[PDB]
$ cat work.pdb   # PDB, C-alpha atoms
ATOM      1  CA  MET Z   1     -24.219  13.408 -37.105
ATOM      2  CA  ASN Z   2     -23.631  16.844 -35.590
ATOM      3  CA  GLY Z   3     -26.285  16.312 -32.917
ATOM      4  CA  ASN Z   4     -24.657  13.112 -31.672
ATOM      5  CA  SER Z   5     -21.260  14.833 -31.509
ATOM      6  CA  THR Z   6     -22.750  17.788 -29.618
ATOM      7  CA  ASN Z   7     -24.521  15.459 -27.142
ATOM      8  CA  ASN Z   8     -21.258  13.507 -26.620
ATOM      9  CA  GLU Z   9     -19.299  16.721 -26.039
ATOM     10  CA  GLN Z  10     -21.931  17.914 -23.499
ATOM     11  CA  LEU Z  11     -21.902  14.537 -21.663
ATOM     12  CA  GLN Z  12     -18.079  14.627 -21.580
ATOM     13  CA  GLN Z  13     -17.983  18.202 -20.267
ATOM     14  CA  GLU Z  14     -20.634  17.468 -17.563
ATOM     15  CA  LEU Z  15     -18.768  14.312 -16.429
ATOM     16  CA  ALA Z  16     -15.416  16.202 -16.407
ATOM     17  CA  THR Z  17     -17.026  18.862 -14.210
ATOM     18  CA  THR Z  18     -18.455  16.122 -11.973
ATOM     19  CA  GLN Z  19     -14.989  14.477 -11.774
ATOM     20  CA  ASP Z  20     -13.319  17.775 -10.867
ATOM     21  CA  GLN Z  21     -15.905  18.523  -8.172
ATOM     22  CA  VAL Z  22     -15.587  15.055  -6.622
ATOM     23  CA  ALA Z  23     -11.784  15.310  -6.715
ATOM     24  CA  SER Z  24     -12.021  18.664  -4.927
ATOM     25  CA  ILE Z  25     -14.355  17.062  -2.371
ATOM     26  CA  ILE Z  26     -11.854  14.237  -1.811
ATOM     27  CA  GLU Z  27      -8.999  16.719  -1.386
ATOM     28  CA  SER Z  28     -11.083  18.720   1.094
ATOM     29  CA  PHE Z  29     -11.849  15.529   3.032
ATOM     30  CA  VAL Z  30      -8.131  14.685   3.112
ATOM     31  CA  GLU Z  31      -7.354  18.171   4.428
ATOM     32  CA  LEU Z  32     -10.135  17.791   7.010
ATOM     33  CA  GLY Z  33      -8.667  14.503   8.214
ATOM     34  CA  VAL Z  34      -5.164  15.971   8.367
ATOM     35  CA  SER Z  35      -6.438  18.924  10.407
ATOM     36  CA  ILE Z  36      -8.360  16.592  12.732
ATOM     37  CA  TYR Z  37      -5.288  14.412  13.304
ATOM     38  CA  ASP Z  38      -3.029  17.436  13.934
ATOM     39  CA  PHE Z  39      -5.603  19.621  15.693
ATOM     40  CA  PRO Z  40      -3.889  22.024  18.145
ATOM     41  CA  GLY Z  41      -7.114  23.185  19.826
ATOM     42  CA  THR Z  42      -6.535  26.881  19.151
ATOM     43  CA  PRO Z  43      -9.616  29.034  18.411
ATOM     44  CA  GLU Z  44      -8.231  29.852  14.957
ATOM     45  CA  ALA Z  45      -7.848  26.133  14.238
ATOM     46  CA  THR Z  46     -11.405  25.582  15.480
ATOM     47  CA  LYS Z  47     -12.718  28.296  13.152
ATOM     48  CA  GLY Z  48     -10.789  26.756  10.265
ATOM     49  CA  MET Z  49     -12.260  23.349  11.104
ATOM     50  CA  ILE Z  50     -15.778  24.815  11.131
ATOM     51  CA  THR Z  51     -15.157  26.555   7.799
ATOM     52  CA  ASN Z  52     -13.798  23.341   6.264
ATOM     53  CA  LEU Z  53     -16.824  21.375   7.495
ATOM     54  CA  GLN Z  54     -19.188  23.992   6.050
ATOM     55  CA  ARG Z  55     -17.323  23.960   2.729
ATOM     56  CA  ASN Z  56     -17.478  20.157   2.571
ATOM     57  CA  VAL Z  57     -21.210  20.185   3.333
ATOM     58  CA  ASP Z  58     -21.837  22.843   0.672
ATOM     59  CA  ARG Z  59     -19.787  20.913  -1.899
ATOM     60  CA  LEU Z  60     -21.670  17.688  -1.153
ATOM     61  CA  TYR Z  61     -25.021  19.482  -1.415
ATOM     62  CA  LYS Z  62     -23.993  21.019  -4.815
ATOM     63  CA  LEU Z  63     -22.936  17.557  -6.131
ATOM     64  CA  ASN Z  64     -26.470  16.243  -5.354
ATOM     65  CA  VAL Z  65     -28.472  19.305  -6.654
ATOM     66  CA  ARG Z  66     -26.943  19.536 -10.196
ATOM     67  CA  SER Z  67     -27.092  15.724 -10.633
ATOM     68  CA  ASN Z  68     -30.931  15.833 -10.178
ATOM     69  CA  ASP Z  69     -31.361  18.573 -12.916
ATOM     70  CA  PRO Z  70     -33.645  17.268 -15.786
ATOM     71  CA  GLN Z  71     -31.506  19.314 -18.286
ATOM     72  CA  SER Z  72     -28.296  17.450 -17.187
ATOM     73  CA  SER Z  73     -26.945  14.612 -19.385
ATOM     74  CA  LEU Z  74     -25.523  12.814 -16.232
ATOM     75  CA  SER Z  75     -28.618  10.462 -16.075
ATOM     76  CA  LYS Z  76     -27.983   8.970 -19.602
ATOM     77  CA  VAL Z  77     -26.290   5.588 -18.655
ATOM     78  CA  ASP Z  78     -26.684   0.766 -15.237
ATOM     79  CA  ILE Z  79     -23.664  -0.797 -13.367
ATOM     80  CA  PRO Z  80     -22.647  -4.555 -13.595
ATOM     81  CA  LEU Z  81     -22.996  -6.388 -10.221
ATOM     82  CA  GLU Z  82     -20.073  -8.748 -11.100
ATOM     83  CA  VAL Z  83     -17.849  -5.624 -11.521
ATOM     84  CA  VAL Z  84     -19.139  -4.262  -8.133
ATOM     85  CA  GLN Z  85     -18.165  -7.644  -6.552
ATOM     86  CA  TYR Z  86     -14.657  -7.707  -8.194
ATOM     87  CA  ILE Z  87     -13.495  -4.047  -7.814
ATOM     88  CA  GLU Z  88     -12.442  -4.062  -4.077
ATOM     89  CA  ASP Z  89      -9.429  -6.439  -4.567
ATOM     90  CA  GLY Z  90      -6.477  -3.906  -4.431
ATOM     91  CA  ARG Z  91      -5.628  -3.913  -8.234
ATOM     92  CA  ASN Z  92      -6.013  -2.221 -11.813
ATOM     93  CA  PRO Z  93      -9.270  -3.406 -13.409
ATOM     94  CA  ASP Z  94      -8.141  -5.328 -16.541
ATOM     95  CA  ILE Z  95      -8.268  -9.240 -15.961
ATOM     96  CA  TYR Z  96     -12.054  -9.411 -15.461
ATOM     97  CA  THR Z  97     -12.376  -7.710 -18.862
ATOM     98  CA  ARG Z  98      -9.565  -9.739 -20.450
ATOM     99  CA  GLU Z  99     -10.888 -13.173 -19.337
ATOM    100  CA  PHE Z 100     -14.551 -12.328 -19.984
ATOM    101  CA  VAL Z 101     -13.831 -10.915 -23.464
ATOM    102  CA  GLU Z 102     -11.785 -14.076 -24.077
ATOM    103  CA  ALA Z 103     -14.860 -16.130 -23.171
ATOM    104  CA  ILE Z 104     -16.934 -13.891 -25.461
ATOM    105  CA  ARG Z 105     -14.516 -14.505 -28.340
ATOM    106  CA  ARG Z 106     -14.550 -18.248 -27.645
ATOM    107  CA  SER Z 107     -18.358 -18.205 -27.798
ATOM    108  CA  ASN Z 108     -18.271 -16.218 -31.049
ATOM    109  CA  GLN Z 109     -15.754 -18.626 -32.597
ATOM    110  CA  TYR Z 110     -17.940 -21.551 -31.517
ATOM    111  CA  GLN Z 111     -20.945 -19.831 -33.109
ATOM    112  CA  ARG Z 112     -19.098 -19.244 -36.387
ATOM    113  CA  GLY Z 113     -17.716 -22.782 -36.502
ATOM    114  CA  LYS Z 114     -21.107 -24.329 -35.799
ATOM    115  CA  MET Z 115     -22.700 -22.084 -38.439
ATOM    116  CA  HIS Z 116     -20.144 -23.261 -41.007
ATOM    117  CA  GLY Z 117     -20.675 -26.868 -39.951
ATOM    118  CA  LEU Z 118     -24.457 -26.596 -40.220
ATOM    119  CA  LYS Z 119     -24.145 -24.887 -43.606
ATOM    120  CA  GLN Z 120     -22.012 -27.722 -44.972
ATOM    121  CA  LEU Z 121     -24.383 -30.249 -43.370
ATOM    122  CA  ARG Z 122     -27.454 -28.920 -45.129
ATOM    123  CA  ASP Z 123     -25.585 -28.318 -48.394
ATOM    124  CA  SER Z 124     -24.455 -31.955 -48.497
ATOM    125  CA  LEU Z 125     -27.894 -33.200 -47.444
ATOM    126  CA  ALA Z 126     -29.600 -31.133 -50.151
ATOM    127  CA  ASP Z 127     -27.107 -32.376 -52.746
ATOM    128  CA  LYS Z 128     -27.651 -36.035 -51.872
ATOM    129  CA  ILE Z 129     -31.435 -35.668 -51.603
ATOM    130  CA  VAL Z 130     -31.364 -34.199 -55.109
ATOM    131  CA  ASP Z 131     -29.069 -37.016 -56.264
ATOM    132  CA  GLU Z 132     -30.982 -40.086 -55.064
ATOM    133  CA  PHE Z 133     -34.399 -38.332 -55.112
ATOM    134  CA  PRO Z 134     -34.605 -36.093 -58.201
ATOM    135  CA  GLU Z 135     -38.404 -35.840 -57.919
ATOM    136  CA  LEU Z 136     -37.978 -33.953 -54.619
ATOM    137  CA  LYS Z 137     -35.250 -31.692 -56.042
ATOM    138  CA  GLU Z 138     -37.570 -28.731 -56.653
ATOM    139  CA  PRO Z 139     -38.859 -28.314 -53.050
ATOM    140  CA  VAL Z 140     -35.345 -28.773 -51.630
ATOM    141  CA  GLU Z 141     -34.076 -25.657 -53.399
ATOM    142  CA  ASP Z 142     -37.202 -23.878 -52.168
ATOM    143  CA  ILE Z 143     -36.229 -25.164 -48.719
ATOM    144  CA  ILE Z 144     -32.965 -23.272 -49.194
ATOM    145  CA  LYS Z 145     -35.053 -20.277 -50.260
ATOM    146  CA  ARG Z 146     -37.120 -20.902 -47.130
ATOM    147  CA  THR Z 147     -33.941 -20.964 -45.009
ATOM    148  CA  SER Z 148     -31.483 -18.664 -46.798
TER     149      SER Z 148
ATOM    150  CA  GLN H   1     -32.597   0.332 -15.142
ATOM    151  CA  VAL H   2     -30.628   2.472 -12.593
ATOM    152  CA  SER H   3     -29.644   6.140 -13.182
ATOM    153  CA  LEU H   4     -26.270   7.597 -12.024
ATOM    154  CA  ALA H   5     -28.390  10.471 -10.556
ATOM    155  CA  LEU H   6     -30.299   7.889  -8.400
ATOM    156  CA  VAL H   7     -26.931   6.408  -7.216
ATOM    157  CA  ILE H   8     -25.792  10.001  -6.333
ATOM    158  CA  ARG H   9     -29.154  10.602  -4.504
ATOM    159  CA  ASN H  10     -29.138   7.344  -2.489
ATOM    160  CA  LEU H  11     -25.439   7.577  -1.612
ATOM    161  CA  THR H  12     -25.765  11.212  -0.463
ATOM    162  CA  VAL H  13     -28.899  10.303   1.599
ATOM    163  CA  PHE H  14     -27.012   7.415   3.216
ATOM    164  CA  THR H  15     -24.050   9.697   3.962
ATOM    165  CA  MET H  16     -26.331  12.315   5.528
ATOM    166  CA  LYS H  17     -28.098   9.670   7.626
ATOM    167  CA  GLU H  18     -24.786   8.206   8.814
ATOM    168  CA  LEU H  19     -23.469  11.664   9.715
ATOM    169  CA  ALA H  20     -26.670  12.504  11.599
ATOM    170  CA  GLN H  21     -26.519   9.208  13.498
ATOM    171  CA  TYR H  22     -22.865   9.791  14.407
ATOM    172  CA  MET H  23     -23.616  13.329  15.596
ATOM    173  CA  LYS H  24     -26.544  12.093  17.696
ATOM    174  CA  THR H  25     -24.437   9.318  19.236
ATOM    175  CA  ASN H  26     -21.719  11.833  20.104
ATOM    176  CA  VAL H  27     -24.452  14.026  21.607
ATOM    177  CA  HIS H  28     -25.826  11.393  23.978
ATOM    178  CA  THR H  29     -22.418   9.813  24.658
ATOM    179  CA  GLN H  30     -21.209  10.382  28.209
ATOM    180  CA  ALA H  31     -18.543  13.063  28.598
ATOM    181  CA  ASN H  32     -16.325  10.614  30.513
ATOM    182  CA  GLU H  33     -15.040   9.230  27.207
ATOM    183  CA  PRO H  34     -11.809  10.944  26.097
ATOM    184  CA  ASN H  35     -12.047  13.339  23.168
ATOM    185  CA  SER H  36      -9.234  11.443  21.425
ATOM    186  CA  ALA H  37     -11.450   8.390  20.889
ATOM    187  CA  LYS H  38     -14.281  10.542  19.523
ATOM    188  CA  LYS H  39     -11.862  12.319  17.179
ATOM    189  CA  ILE H  40     -10.494   8.968  15.977
ATOM    190  CA  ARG H  41     -14.018   7.662  15.352
ATOM    191  CA  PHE H  42     -14.937  10.835  13.450
ATOM    192  CA  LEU H  43     -11.767  10.527  11.359
ATOM    193  CA  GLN H  44     -12.596   6.890  10.579
ATOM    194  CA  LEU H  45     -16.143   7.831   9.553
ATOM    195  CA  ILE H  46     -14.810  10.652   7.360
ATOM    196  CA  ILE H  47     -12.345   8.217   5.769
ATOM    197  CA  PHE H  48     -15.141   5.727   5.053
ATOM    198  CA  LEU H  49     -17.325   8.446   3.514
ATOM    199  CA  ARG H  50     -14.365   9.644   1.432
ATOM    200  CA  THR H  51     -13.804   6.070   0.237
ATOM    201  CA  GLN H  52     -17.467   5.789  -0.770
ATOM    202  CA  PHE H  53     -17.281   9.120  -2.609
ATOM    203  CA  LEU H  54     -14.086   7.936  -4.319
ATOM    204  CA  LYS H  55     -15.932   4.744  -5.454
ATOM    205  CA  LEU H  56     -18.549   7.131  -6.869
ATOM    206  CA  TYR H  57     -15.694   9.096  -8.466
ATOM    207  CA  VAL H  58     -14.548   5.842 -10.148
ATOM    208  CA  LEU H  59     -18.184   5.339 -11.390
ATOM    209  CA  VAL H  60     -18.146   8.976 -12.738
ATOM    210  CA  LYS H  61     -14.825   8.286 -14.532
ATOM    211  CA  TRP H  62     -16.104   4.923 -15.857
ATOM    212  CA  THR H  63     -19.291   6.631 -17.183
ATOM    213  CA  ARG H  64     -16.991   9.302 -18.777
ATOM    214  CA  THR H  65     -15.064   6.564 -20.578
ATOM    215  CA  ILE H  66     -18.535   5.013 -21.296
ATOM    216  CA  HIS H  67     -21.456   1.867 -23.327
ATOM    217  CA  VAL H  68     -20.040   0.423 -26.610
ATOM    218  CA  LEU H  69     -17.991  -2.444 -25.191
ATOM    219  CA  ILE H  70     -20.796  -3.071 -22.646
ATOM    220  CA  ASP H  71     -23.426  -3.231 -25.445
ATOM    221  CA  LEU H  72     -21.354  -5.632 -27.545
ATOM    222  CA  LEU H  73     -20.569  -7.645 -24.418
ATOM    223  CA  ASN H  74     -24.217  -7.985 -23.394
ATOM    224  CA  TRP H  75     -25.342  -8.832 -26.934
ATOM    225  CA  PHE H  76     -22.728 -11.580 -27.246
ATOM    226  CA  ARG H  77     -23.675 -12.942 -23.819
ATOM    227  CA  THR H  78     -27.341 -12.993 -24.847
ATOM    228  CA  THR H  79     -26.439 -14.912 -28.001
ATOM    229  CA  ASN H  80     -24.348 -17.348 -25.952
ATOM    230  CA  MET H  81     -26.956 -18.378 -23.440
ATOM    231  CA  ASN H  82     -29.662 -18.298 -26.123
ATOM    232  CA  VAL H  83     -27.612 -20.937 -27.958
ATOM    233  CA  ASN H  84     -27.159 -22.852 -24.698
ATOM    234  CA  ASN H  85     -30.905 -22.698 -24.000
ATOM    235  CA  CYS H  86     -31.621 -23.910 -27.537
ATOM    236  CA  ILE H  87     -29.281 -26.869 -26.976
ATOM    237  CA  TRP H  88     -30.947 -27.677 -23.648
ATOM    238  CA  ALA H  89     -34.397 -27.395 -25.243
ATOM    239  CA  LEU H  90     -33.310 -29.799 -27.988
ATOM    240  CA  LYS H  91     -32.074 -32.274 -25.375
ATOM    241  CA  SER H  92     -35.322 -31.963 -23.400
ATOM    242  CA  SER H  93     -37.399 -32.415 -26.562
ATOM    243  CA  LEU H  94     -35.533 -35.610 -27.456
ATOM    244  CA  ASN H  95     -35.859 -36.911 -23.888
ATOM    245  CA  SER H  96     -39.609 -36.243 -23.930
ATOM    246  CA  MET H  97     -40.189 -37.622 -27.439
ATOM    247  CA  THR H  98     -38.173 -40.819 -26.907
ATOM    248  CA  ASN H  99     -41.274 -42.139 -25.123
ATOM    249  CA  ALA H 100     -43.346 -41.639 -28.283
ATOM    250  CA  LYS H 101     -40.689 -43.455 -30.351
TER     251      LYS H 101
ATOM    252  CA  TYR S   1     -47.061 -31.165 -47.355
ATOM    253  CA  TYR S   2     -45.598 -28.348 -45.252
ATOM    254  CA  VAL S   3     -43.993 -26.617 -48.263
ATOM    255  CA  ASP S   4     -45.685 -23.205 -48.095
ATOM    256  CA  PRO S   5     -44.432 -20.704 -50.713
ATOM    257  CA  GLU S   6     -46.192 -17.933 -48.767
ATOM    258  CA  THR S   7     -44.075 -18.667 -45.665
ATOM    259  CA  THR S   8     -40.729 -16.884 -46.117
ATOM    260  CA  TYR S   9     -38.126 -16.593 -43.356
ATOM    261  CA  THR S  10     -35.805 -13.583 -43.415
ATOM    262  CA  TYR S  11     -32.161 -13.465 -42.388
ATOM    263  CA  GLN S  12     -31.540 -12.901 -38.689
ATOM    264  CA  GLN S  13     -30.272  -9.377 -38.028
ATOM    265  CA  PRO S  14     -27.528  -8.774 -37.267
ATOM    266  CA  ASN S  15     -25.867 -11.693 -39.065
ATOM    267  CA  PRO S  16     -23.412 -13.469 -36.710
ATOM    268  CA  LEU S  17     -21.270 -14.406 -39.726
ATOM    269  CA  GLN S  18     -20.327 -10.766 -40.340
ATOM    270  CA  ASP S  19     -17.986  -8.787 -38.097
ATOM    271  CA  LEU S  20     -20.481  -7.737 -35.421
ATOM    272  CA  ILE S  21     -17.912  -5.455 -33.763
ATOM    273  CA  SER S  22     -17.629  -3.259 -36.873
ATOM    274  CA  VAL S  23     -21.349  -3.293 -37.744
ATOM    275  CA  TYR S  24     -22.027  -0.204 -35.605
ATOM    276  CA  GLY S  25     -18.471   1.170 -35.617
ATOM    277  CA  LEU S  26     -17.729  -0.302 -32.187
ATOM    278  CA  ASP S  27     -13.998  -0.970 -32.638
ATOM    279  CA  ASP S  28     -12.551   2.008 -30.733
ATOM    280  CA  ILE S  29     -13.148   0.735 -27.192
ATOM    281  CA  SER S  30     -12.314  -2.840 -28.207
ATOM    282  CA  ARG S  31      -8.954  -1.656 -29.552
ATOM    283  CA  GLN S  32      -8.443   0.461 -26.423
ATOM    284  CA  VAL S  33      -8.693  -2.524 -24.052
ATOM    285  CA  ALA S  34      -7.593  -5.224 -26.489
ATOM    286  CA  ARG S  35      -5.647  -8.190 -25.134
ATOM    287  CA  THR S  36      -2.674  -7.505 -27.422
ATOM    288  CA  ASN S  37      -1.658  -4.766 -29.832
ATOM    289  CA  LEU S  38      -1.421  -5.164 -33.601
ATOM    290  CA  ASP S  39       2.085  -6.632 -33.213
ATOM    291  CA  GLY S  40       0.943  -9.090 -30.527
ATOM    292  CA  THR S  41       2.957  -7.546 -27.687
ATOM    293  CA  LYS S  42       1.369  -6.814 -24.325
ATOM    294  CA  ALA S  43       0.211  -3.202 -24.110
ATOM    295  CA  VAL S  44      -0.409  -2.618 -20.385
ATOM    296  CA  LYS S  45      -0.105  -4.742 -17.264
ATOM    297  CA  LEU S  46      -3.455  -6.264 -16.311
ATOM    298  CA  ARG S  47      -5.028  -6.645 -12.860
ATOM    299  CA  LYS S  48      -8.529  -7.140 -11.190
ATOM    300  CA  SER S  49      -9.854  -4.085  -9.213
ATOM    301  CA  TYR S  50     -10.337  -0.228  -8.885
ATOM    302  CA  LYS S  51      -7.257   0.554  -6.611
ATOM    303  CA  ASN S  52      -4.897   1.731  -9.359
ATOM    304  CA  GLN S  53      -7.446   4.273 -10.635
ATOM    305  CA  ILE S  54      -7.020   6.212  -7.358
ATOM    306  CA  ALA S  55      -3.230   5.968  -7.027
ATOM    307  CA  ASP S  56      -2.760   9.412  -8.595
ATOM    308  CA  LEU S  57      -4.666  10.962  -5.686
ATOM    309  CA  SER S  58      -2.793  11.687  -2.467
ATOM    310  CA  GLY S  59      -3.003   8.991   0.188
ATOM    311  CA  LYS S  60      -1.811   5.513   1.198
ATOM    312  CA  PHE S  61      -4.431   2.974   0.080
ATOM    313  CA  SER S  62      -2.568  -0.031   1.442
ATOM    314  CA  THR S  63      -5.751  -1.997   2.217
ATOM    315  CA  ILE S  64      -9.030  -2.021   0.199
ATOM    316  CA  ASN S  65     -34.334  18.224   9.268
ATOM    317  CA  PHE S  66     -30.586  18.345   9.936
ATOM    318  CA  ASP S  67     -28.897  21.418  11.437
ATOM    319  CA  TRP S  68     -25.297  21.534  10.223
ATOM    320  CA  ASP S  69     -24.563  24.709  12.202
ATOM    321  CA  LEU S  70     -25.611  23.115  15.502
ATOM    322  CA  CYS S  71     -23.456  20.041  14.862
ATOM    323  CA  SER S  72     -20.504  22.248  13.902
ATOM    324  CA  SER S  73     -20.931  24.253  17.113
ATOM    325  CA  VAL S  74     -21.111  21.034  19.151
ATOM    326  CA  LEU S  75     -17.915  19.755  17.520
ATOM    327  CA  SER S  76     -16.225  23.111  18.148
ATOM    328  CA  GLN S  77     -17.200  23.023  21.831
ATOM    329  CA  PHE S  78     -15.977  19.431  22.148
ATOM    330  CA  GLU S  79     -12.638  20.230  20.493
ATOM    331  CA  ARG S  80     -12.094  23.414  22.516
ATOM    332  CA  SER S  81     -12.569  21.466  25.766
TER     333      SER S  81
END
$ encode --input "work.pdb" --output "structure tokens"
Amino acid sequence: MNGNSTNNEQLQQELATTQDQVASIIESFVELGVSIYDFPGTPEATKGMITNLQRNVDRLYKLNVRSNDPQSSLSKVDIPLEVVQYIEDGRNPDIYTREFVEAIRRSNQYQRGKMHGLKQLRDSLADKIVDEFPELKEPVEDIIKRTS
Amino acid sequence: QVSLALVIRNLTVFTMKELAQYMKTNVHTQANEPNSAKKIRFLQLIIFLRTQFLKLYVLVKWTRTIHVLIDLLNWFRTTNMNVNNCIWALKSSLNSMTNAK
Amino acid sequence: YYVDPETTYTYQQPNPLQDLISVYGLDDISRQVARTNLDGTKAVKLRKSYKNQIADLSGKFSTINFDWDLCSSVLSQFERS
């Protein structure tokens, strides 16, 4: 129990660090774009642009290097292609999950209802086969033992 | 199976290749083109790369929230089309065996 | 004829009759993104895509071998011109 909790805490810390680094990279890219749009052409601005480019390159290289470490937990978990198709549409990702979980629940309810129906079917059939055919009563119960 | 580390690797390789191609194109582009157009193109490329890295950031945040709902979801889907395949197999068996009736 | 006492079929695991969500303690995420709360009221507004997960970051998302030093120097020379 403690090992699973420790592994979950490690995976959460590593993904929080990854999230913070990528957020910093995004902020640096935003600053780079702002500087490019409002570039005055001064040598100091050029040096700042070079420094920002170098910092962005170093940050991107660090994001790759740690993620390839065999001791990292970041490798632990595929991505759904239907989610990759849906996610571009300008929104907050909840209706794909709502409607698909609704379909899942409908399938589960269908499964439970058909299981109950089949159970009553075979119960009634066993009862009547015992009734009109007592000589076959003994195997029928065994049939239940073979099924249940 | 696909690892998040392999997504990080391939995306970073694609970003590096795109940046190298853009730098090369700027290198062999004639100087007659105004620097404003080149700056705009570089800004657009940086914006696209930032958008890709932000999609990866969403995959990092998703994996931080994540597998439980996805495991239940996949198991229930497997049960669903297994039931559907069983129904179709029953129908096919009856269609085939009606000849022997 | 086919009644074989040696042939015994076991219950399918896990049993679909039981609550498969709670078999492995998998109710936390289901409750987190449930359609409705315990009182039936809507919890959060629902939509389709990743855009609202990036709204907190600055920006206006209206629509949704290699020598780095040499490239930086080339960009610096181009900008200074």
$ closest_atom_pairs --input "work.pdb" --of "chain Z" --to "chain H" --cutoff "6 Å" --atoms "all atoms listed in the file" --output "JSON lines"
{"residue": "Z:15", "atom": "CA", "partner": "H:64", "partner_atom": "CA", "distance": 5.8}
{"residue": "Z:33", "atom": "CA", "partner": "H:43", "partner_atom": "CA", "distance": 5.9}
{"residue": "Z:67", "atom": "CA", "partner": "H:5", "partner_atom": "CA", "distance": 5.4}
{"residue": "Z:68", "atom": "CA", "partner": "H:5", "partner_atom": "CA", "distance": 5.9}
{"residue": "Z:75", "atom": "CA", "partner": "H:3", "partner_atom": "CA", "distance": 5.3}
{"residue": "Z:78", "atom": "CA", "partner": "H:2", "partner_atom": "CA", "distance": 5.0}
$ residues_around --input "work.pdb" --residues "residue 20 (chain H)" --least-positions-apart "3" --cutoff "10 Å" --atoms "all atoms listed in the file" --output "MDAnalysis selection string"
(chainID H and resid 14:17 23:26) or (chainID S and resid 65:68 71)
$ closest_atom_pairs --input "work.pdb" --of "chain Z" --to "chain S" --cutoff "7 Å" --atoms "only C-alpha atoms" --output "JSON lines"
{"residue": "Z:41", "atom": "CA", "partner": "S:80", "partner_atom": "CA", "distance": 5.7}
{"residue": "Z:46", "atom": "CA", "partner": "S:76", "partner_atom": "CA", "distance": 6.0}
{"residue": "Z:50", "atom": "CA", "partner": "S:72", "partner_atom": "CA", "distance": 6.1}
{"residue": "Z:86", "atom": "CA", "partner": "S:49", "partner_atom": "CA", "distance": 6.1}
{"residue": "Z:87", "atom": "CA", "partner": "S:49", "partner_atom": "CA", "distance": 3.9}
{"residue": "Z:88", "atom": "CA", "partner": "S:49", "partner_atom": "CA", "distance": 5.8}
{"residue": "Z:89", "atom": "CA", "partner": "S:49", "partner_atom": "CA", "distance": 5.2}
{"residue": "Z:90", "atom": "CA", "partner": "S:51", "partner_atom": "CA", "distance": 5.0}
{"residue": "Z:91", "atom": "CA", "partner": "S:49", "partner_atom": "CA", "distance": 4.3}
{"residue": "Z:92", "atom": "CA", "partner": "S:47", "partner_atom": "CA", "distance": 4.7}
{"residue": "Z:93", "atom": "CA", "partner": "S:49", "partner_atom": "CA", "distance": 4.3}
{"residue": "Z:94", "atom": "CA", "partner": "S:46", "partner_atom": "CA", "distance": 4.8}
{"residue": "Z:95", "atom": "CA", "partner": "S:47", "partner_atom": "CA", "distance": 5.2}
{"residue": "Z:96", "atom": "CA", "partner": "S:48", "partner_atom": "CA", "distance": 6.0}
{"residue": "Z:98", "atom": "CA", "partner": "S:35", "partner_atom": "CA", "distance": 6.3}
{"residue": "Z:112", "atom": "CA", "partner": "S:17", "partner_atom": "CA", "distance": 6.3}
{"residue": "Z:146", "atom": "CA", "partner": "S:8", "partner_atom": "CA", "distance": 5.5}
{"residue": "Z:147", "atom": "CA", "partner": "S:9", "partner_atom": "CA", "distance": 6.3}
{"residue": "Z:148", "atom": "CA", "partner": "S:11", "partner_atom": "CA", "distance": 6.9}
$ closest_residue --input "work.pdb" --among "H:78, H:31, H:95, H:71" --to "residue 21 (chain S)" --atoms "only C-alpha atoms"
H:71
$ closest_residue --input "work.pdb" --among "H:30, H:96, H:35, H:21" --to "chain S" --atoms "all atoms listed in the file"
H:35
$ closest_residue --input "work.pdb" --among "Z:30, Z:49, Z:36, Z:22" --to "residue 64 (chain Z)" --atoms "all atoms listed in the file"
Z:22
$ closest_residue --input "work.pdb" --among "H:100, H:28, H:94, H:85" --to "chain S" --atoms "only C-alpha atoms"
H:28
$ closest_residue --input "work.pdb" --among "H:97, H:68, H:19, H:33" --to "chain S" --atoms "all atoms listed in the file"
H:68
$ atom_distance --input "work.pdb" --atom1 "CA of residue 28 (chain Z)" --atom2 "CA of residue 56 (chain Z)"
6.7 Å
$ closest_residue --input "work.pdb" --among "H:29, H:98, H:84, H:92" --to "chain S" --atoms "all atoms listed in the file"
H:29
$ atom_distance --input "work.pdb" --atom1 "CA of residue 60 (chain Z)" --atom2 "CA of residue 12 (chain Z)"
21.0 Å
$ atom_distance --input "work.pdb" --atom1 "CA of residue 74 (chain Z)" --atom2 "CA of residue 16 (chain Z)"
10.7 Å
$ axis_aligned_box --input "work.pdb" --around "region 36-39 of chain Z" --padding-each-side "8 Å" --output "AutoDock Vina command-line options"
--center_x -5.7 --center_y 17.0 --center_z 14.2 --size_x 21.3 --size_y 21.2 --size_z 19.0
